[PDB]
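Just so you know, these numbers use all the heavy atoms, side chains as well, and skip hydrogens, waters and symmetry mates. Numbered from 1 within each chain, the chains take letters A, B, ... in sequence-line order.
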2 protein chains.
Amino acid sequence: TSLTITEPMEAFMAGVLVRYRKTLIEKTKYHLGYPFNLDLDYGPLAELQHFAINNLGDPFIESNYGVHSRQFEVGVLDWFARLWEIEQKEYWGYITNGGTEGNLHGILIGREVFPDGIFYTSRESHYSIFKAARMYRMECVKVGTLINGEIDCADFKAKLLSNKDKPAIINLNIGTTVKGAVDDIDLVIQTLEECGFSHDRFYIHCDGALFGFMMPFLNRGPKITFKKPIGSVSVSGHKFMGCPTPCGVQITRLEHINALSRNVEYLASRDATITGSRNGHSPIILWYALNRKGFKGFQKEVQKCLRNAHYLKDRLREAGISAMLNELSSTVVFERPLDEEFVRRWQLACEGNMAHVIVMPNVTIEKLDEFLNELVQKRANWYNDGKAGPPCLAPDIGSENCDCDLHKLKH
Amino acid sequence: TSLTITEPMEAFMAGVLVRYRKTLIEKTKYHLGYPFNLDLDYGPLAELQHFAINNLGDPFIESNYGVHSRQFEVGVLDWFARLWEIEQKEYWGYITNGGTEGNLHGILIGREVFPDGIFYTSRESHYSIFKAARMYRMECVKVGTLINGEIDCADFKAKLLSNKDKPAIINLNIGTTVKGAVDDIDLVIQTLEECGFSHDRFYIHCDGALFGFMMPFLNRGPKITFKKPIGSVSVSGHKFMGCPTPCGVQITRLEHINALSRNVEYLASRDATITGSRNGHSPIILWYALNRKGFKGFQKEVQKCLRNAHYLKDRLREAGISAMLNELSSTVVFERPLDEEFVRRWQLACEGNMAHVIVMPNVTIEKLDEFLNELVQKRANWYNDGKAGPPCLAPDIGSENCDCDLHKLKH
Ligand SMILES: [Zn+2]
Ligand SMILES: [Zn+2]
Ligand SMILES: [Zn+2]
Ligand SMILES: [Zn+2]
């Protein structure tokens, strides 16, 4: 709970670090709950930990602080711009400290385009989104959600129509935290158009912390492209790509950044970021990864993760455990384990009667089998004899996906 | 300007990293302008770059994500609480991604204590402060500054008195960016009291990005202590202590955090941070440093830096170069070099007619001599023959510190 700092040792401290490394190997082995790629292969870059790298200021305007990684950073941003179909001279962006910063930036951009804008996001938006709205003092209208976690564009439509006067700022979830739903970009855009909102009276941010990275590697789904009238897209680098430290990529339209960007004389750069000092090792790490693997290495990794999710779901239903997997998802929602020591061991994320597993590149079939074997074994003790019987997840995941004493019958 | 990412190499990429390491050694050698300690000695911790460490959530409430460094983080926060004289059960805080996040958090805390609060900060506050005020939609009253960069408590008094009705939220600069001034905490507090503001109608944040760390190691100055009615203090970890990546420490009063802190079920933790995912290598790095050096190692390092600043200033005045150093400062303000290739080589920060050198632990007498020898040599070419004569820095640093053709006479 605390490692106290005492006054002057190198055997004590190397003792601690040996012990600690041990626990991190254990934790890394059993981690299944959170969307972090734990297969980190950046051993050559670790030398660079000798430098105080700081990308302080604009990625595209070099500051007087010379210990930076802008060549890498700009490399990576260009790749992301290509990925989301925006040209060099149409886009601006930066490597962030994570999905939260991408969301704070994107929503702030939208506010500056439309200071009077009403803000809309689904009920299953990440907590960062509602935090942003409160930080920024924006009126937030929570939009309903279908069973699977997608924004409800009928409820969206309704809500739009009762604020016809004002501009709409929208956050769309490309892979919701709990259920792994993907908001229908195309349908949201259509709904705006047929409610009388033209491009120049709405701003959309796409929160793609995990799945915004993954979706472009599939042939399907509501493609993320600035050929459509979206404003900004963020992803998290420590989620799908994998990074020792949290990071992200935020990409917007250049015309949008002018309202945030101010000159700062003592930097000889501009400030258009949430942050000041910025992590300059992240850009190198992500550059390294993009180069080694390319679009075809990432595609493979994405496809294997969807397959491994499919597999886990199948085995759970087979075991008569309520479980759901959305079409565009590596997140397997399932009946929350009753044993909370079990939850803590596999580091499961839980909400109400749901838990979930996120099938990151590190998450192998071998590991899923270990997991299932343990789950099925312990589960036998939870709902048998005169005890309750499994919870009903039909309200959360649909009755088609529920295997309680009632809904299992209908399959 | 860009290192393009191409599709599949390990000789090309290790070629790039050899080249790049070279430039970072060069940059590290000549860096003088920014407040980053470049003497990083954390080579043993670099193994830990193999792990996706994430302190996601509250430092004091463990989340279900197990790959974290809370033992280290909490260790470090406790040390900082001791340092600023606040008890375990009176304080909350976290390790941030830098001084900007500390400021965003602190100012946001103050807003939640006083939603109607008028916000006050000096004209020489960091850009993060004015950014925060705009992000948060807070009315910001810029307070004047004495020549040396300290907040002007007469102008403060005046400004307070014309907003007697509303609470006061104040940012105080403990080491302003450009001039290295320290706002007079004690005098600000007195001014509030004699203007009719009792403790429970003002909130103070101390921005101590560089000097909040350094000041406690001196026997003098407006001591930073929660025994006085301050609300929150931030420092930057990559400034004085030194860290490969930007980080910081934000420490507030526990009673203050309740308004920001919300439970997040899927984490099994609380969200009271600006961020979500948080860097978990930083806490280890700062823990390592605090343990190896202790209060007595840091004191020594602080004292040497003040001495080396004193030295640089003296040699500049000797060379008839306008220069100033505040009493509680390692930042040497001086006539801005006319040669902007020279500015770029020593990575100097510049504002108007001022440049500055920040004497971080890495900045040795040997290095300062190299610098001065070059400066004096080139300067001989700038203001001689029929050309202008040096600029006057008296408006910026005081006529006592100016060595232009006019003010040098009066000394
Ligand atoms: Zn199937
Ligand atoms: Zn059911
Ligand atoms: Zn002297
Ligand atoms: Zn003068």
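Both the backbone and the side chain of B:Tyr266 come within contact range of chain A, judged by heavy atoms closer than 4.5 Å. Looking at B:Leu348, only its backbone comes within 4.5 Å of chain A, counting heavy atoms on both sides. For a residue to count as touching a neighbouring chain, one of its non-hydrogen atoms must lie under 4.5 Å from one of that chain's; by this rule A:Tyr34 touches chain B with the side chain only. The parts of B:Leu267 that come within reach of chain A are both its backbone and its side chain, each placing non-hydrogen atoms under 4.5 angstrom from that chain. For B:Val264, the part sitting under 4.5 Å from any heavy atom of chain A is the side chain, from C-beta outward, and nothing else. With a 4.5 angstrom heavy-atom cutoff, B:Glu47 touches chain A via backbone and side-chain atoms both. In this structure, the portion of B:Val16 lying under 4.5 Å from any heavy atom of chain A is its side chain and not its backbone. With a 4.5 angstrom heavy-atom cutoff, B:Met135 touches chain A via backbone and side-chain atoms both. Residue contact with chain A, scored on non-hydrogen atoms closer than 4.5 Å, is absent for B:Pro283. Residue contact with chain A, scored on non-hydrogen atoms closer than 4.5 Å, is absent for B:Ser282. The contact between A:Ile274 and chain B is made by backbone and side chain atoms together, counting heavy-atom distances below 4.5 Å. With a 4.5 Å cut-off on non-hydrogen atoms, A:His356 does not touch chain B at all. Heavy-atom distances place both the backbone and the side chain of B:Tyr136 under 4.5 Å from chain A. Looking at B:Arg292, the atoms closer than 4.5 Å to chain A (heavy atoms on both sides) sit in the backbone and in the side chain alike. For B:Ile53, the parts sitting under 4.5 Å from any heavy atom of chain A are the backbone and the side chain alike. For B:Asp78, the part sitting under 4.5 Å from any heavy atom of chain A is the side chain, from C-beta outward, and nothing else. Heavy atoms of B:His281 lying under 4.5 Å from chain A belong exclusively to its side chain. The part of A:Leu108 that comes within reach of chain B is its side chain, from C-beta onward, which places non-hydrogen atoms under 4.5 angstrom from that chain. Interface residue A:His238: only side-chain heavy atoms are found under 4.5 Å from chain B.
Shortest non-hydrogen contact noted between B:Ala52 and A:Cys243 is CB-O, 4.1 Å. Residues A:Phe51 and B:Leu40 share a closest heavy-atom pair of C-CD1, 3.7 Å. Across every non-hydrogen atom of A:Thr28 and B:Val67, the tightest pair is OG1-CG2, 3.8 Å. Considering all non-hydrogen atoms of both residues, A:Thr1 and B:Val74 come closest at O-CG1, 3.6 Å.
In this structure, A:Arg82 does not pair ionically with B:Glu7, as no charged nitrogen and carboxylate oxygen lie closer than 4.0 Å. Salt-bridge formation is detected for the pair A:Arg336/B:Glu265: a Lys NZ or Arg NE/NH1/NH2 atom is positioned less than 4.0 Å from an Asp or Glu carboxylate oxygen.
For chain B, the option among A:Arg111, A:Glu112, A:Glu351 with the highest count of heavy-atom pairs below 4.5 Å is A:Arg111. Here B:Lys296 is the residue among B:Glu101, B:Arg344, B:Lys296 with the most heavy-atom pairs under 4.5 Å with chain A.
The environment of B:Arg262 atom CZ is sparse: at most 12 non-hydrogen atoms of other residues, nucleotides or ligands sit within 6.0 angstrom.
One N or O on the side chain of B:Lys131 and one on the backbone of A:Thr275 form a donor-acceptor pair closer than 3.5 Å.
Between the OG1 atom of A:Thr245 and the CZ atom of B:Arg278 there is a distance of 13.5 Å, given to the nearest 0.5 Å. Residue B:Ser2 holds its OG atom at 11.0 Å from CD of A:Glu73, rounded to the nearest 0.5 Å.
Here A:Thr23 pairs with A:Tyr20 under the side-chain contact (heavy atoms from CB on, under 4.5 Å) rule; sequence neighbours left out.
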